[PDB]
Each structure stands twice: as C-alpha cells, then as structure tokens.
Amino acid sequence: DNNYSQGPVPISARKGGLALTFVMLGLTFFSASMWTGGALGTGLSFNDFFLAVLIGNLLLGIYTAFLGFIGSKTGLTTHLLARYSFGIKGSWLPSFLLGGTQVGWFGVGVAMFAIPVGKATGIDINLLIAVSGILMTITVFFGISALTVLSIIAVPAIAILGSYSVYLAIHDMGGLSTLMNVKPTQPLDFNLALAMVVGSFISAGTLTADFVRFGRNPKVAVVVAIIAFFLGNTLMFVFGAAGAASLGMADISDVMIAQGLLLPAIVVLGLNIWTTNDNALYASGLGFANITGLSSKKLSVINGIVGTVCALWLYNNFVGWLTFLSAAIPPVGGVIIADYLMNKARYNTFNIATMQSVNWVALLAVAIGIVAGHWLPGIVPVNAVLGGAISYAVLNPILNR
C-alpha cells in the first residue's frame, strides 16, 4: 500500500510543513464552515461572533495539534494509533465510525457542488454528480501527493478571491461601521455557538494524524493544526458571516454571483469542496484499510463510487443521521490522546505483539463521553472529548490492568 495504511510512514516518504499546511487548510476551507459562519453571524453581536469563533477554533486547534503531534511523532494514521487504546480489533469500531461518516460527508459534499451548479446552468443535477464525484474519486487514488496538488492550488485562490469578495461586500454595505451596528433579533446561546464552531470540524479534525503523520518534525505538526483550524477555519467563518450580513447569503460563492463574479464563484465552490472531499475519501480509505487489510487506494476509490451514487440521498435524509453517529467521534479523540499521554513509552515502536485484541475500557470511555456531552452543561464537544479522556484515564489503569 502506497499510503502506508498498515505501518509508520518511512523516512523517505515524509513531507515538510508546507505541503501539510496546505493539505490541512484544504480541509477547513469548506462551504459548510461558511454556512455555520453565517448562522453565528446572524445570531450574535459583532464582538460575540469573533469571541465565539476564536475561542471555538482555538479549542479545535489545540485538540488537533495533539492528534497531529502524535501522528507525526509515530508516523501512524489515526486508525493505527487507535490500536493502542482500543485494541487491534477494537480499533475497527472507531475506524468505521470515523471512516463511514467521512464517506457520508463526501457524498454530501458532491451534492453541495452539483445542486447549485445544475440550478444555475440547467445542466442535469445527476450528470454533474457523476462527473464531480468521479473526478474527485480519481484524484484520491494518488494519495497524499494528490491532496498536496489540489490544496496548493485551491487554498490560495479561495483565500484571495474569497477575501476580495468579503472586501467588496463590506464596502458596498456601508463599511465596518454599518456591520457592527447590525443586531440579532434572537441572540444565539453562546455555548451553543461554541459547539457550532468546534462542531464544524471536530469529526475530520479527529483524523488529523491521517495527514500529518507525514511530517518529519512533531513540533511542525502543532503549527499545521493551528494554522489550519485556528486561522483557516476562522477565515471561513468570517467569509460566511460577512456574506450573511451584506447580502443574506452565507456562502462566499453566492456573494460572488451577487457581485457579478460568476467564474470566481464556481471556481471557489469547486475548489473548496474538492479539497475537503478528497481529504474525506483519503482518510476513509485509511480507516477501512485498518479493518480489511486491503489497499487504502482501492478502498478510497470504492468509497467514492458509493458516495457518488448516494450523494443526493445523503444530502437529504442522511445528514441528521451523519450528525448523530458523529457524536461518538469526539470521545474517540480524547481516548487516543489520553492513552498516549498515559503510556508514551508504549508508542516508541509500532509493536502489534504487545497490543490487545480489544480494550473494553476504551469502548466504555467513548460511551461515557457521549453521555457527558448529552448531559453536562457547557460546550458539548469539549465535554464529550473530556468525558472520554478523563474516564479512560481513570478506569483504564483500574479495569484494564
């Protein structure tokens, strides 16, 4: 397997911070973060917005730097990392939930491209799905190299064309002064808002090691996560709020259409989805490879076929389902981190032989974290991450050995 799905990335295949910075910005530069940014924008004061977006994405940035640090220290995908805490076969459970929801998001994302475009152009929505997902599936066959190519192309155009569009929109609106006078008629609960920020990428963010395992230097992995999730996801949130405030449209590609920038709009839509969806498919192949021992390349292509032929169905009904399953993903992150923090020395080698088949305490910890998210007050994802990590740190030394 060229994606090294079954063991540590060897020294000659490692990559530098530049490629991994763009790959990860390619993940967060995504329309759904713009949409959520418009919700936060219309439901919060100008100060509350930047406080919620900055606090939330910094929490995201710290959570993902840990995972990226561990991914890079070891050269292991999230799924191989999970073998330490969940067991060799126990990890199939996180791997399927993480991988499956990403196949979900991929199909969703194919529809997010083909639907606006076929409406704007009259072209058959079905035909566009076929062509979009097929193109996106072919590129994932070529692995971390393809993700590097797409995002070093996509990310500059999105940041720069998108930023210019934000500038126009605040200018034509009366400038910053007008923007900071807009008032929500029904302000959003601040803690709900934090959950929406963190919740925009905690699922893909829990698979950070699948990409930054390629980094030679663990400290650089921390920089990648912060640049991508603190700075990058914030920028996407600002795009969405600016578009909501100036025009009632939270996707910057709707703003550009409003401004007569039709070609920038379609290009920015296609580039932001293609990068996020390729990451999704890539990580899902790694995840299903941990389960089946098959080539992650082959599985990624299979995942893209299924995701394409089911795109609309996933866009419609299965989004509430995709959000539901995903509630088990944050605790899985806290367990992995906590197990590394507790048992660093264990991670010195990738040694199948000292590993468990299944650690029931890991599964028990995930359930507890889910309960902590559903009951405890505060920020649901943070409570759900800390639920799994704290209860694992308590019960694993006791009930495992």
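Quick note: we count residues from 1 along the sequence shown, nothing fancier.
Q: Would you determine, from the values in the PDB entry, which of 168-176 and 141-149 has the greater average C-alpha temperature factor?
A: Per the deposited B-factors, the answer is 168-176.
Q: Could you check which stretch, 95-103 or 320-328, carries the larger mean CA temperature factor in the entry?
A: Averaging CA B-factors over each stretch, the winner is 320-328.
Q: In terms of CA temperature factor as recorded, identify the highest of 270, 118, 285, 199.
A: Within the set 270, 118, 285, 199, 118 shows the top C-alpha B-factor.
**Q.** Candidate residues 212, 207, 160, 314, the one whose C-alpha B factor the record puts highest
**A.** Of the candidates given, the C-alpha B-factor peaks at 314.
Q. Ranked by Cα temperature factor within the chain, is residue 46 in the lowest third, the middle third or the highest third?
A. Highest third, going by the recorded CA B-factors of the chain.
Q: Would you mind checking where the Cα B-factor of residue 124 ranks among the modelled residues of its chain, as the lowest, middle or highest third?
A: Answer is highest: the recorded C-alpha B-factor places it there.
Q: Ordered by C-alpha B-factor within the chain, which third holds residue 360? Give me lowest, middle or highest, please.
A: As the PDB entry reports it, the C-alpha B-factor of residue 360 lands in the middle third of its chain.
Q: Ordered by C-alpha B-factor within the chain, which third holds residue 16? Give me lowest, middle or highest, please.
A: It belongs to the middle third of the chain when residues are ordered by C-alpha B-factor.
Q. Looking at the C-alpha B-factor of residue 333, is it in the lowest, middle or highest third of its chain?
A. CA B-factor rank for residue 333: lowest third.
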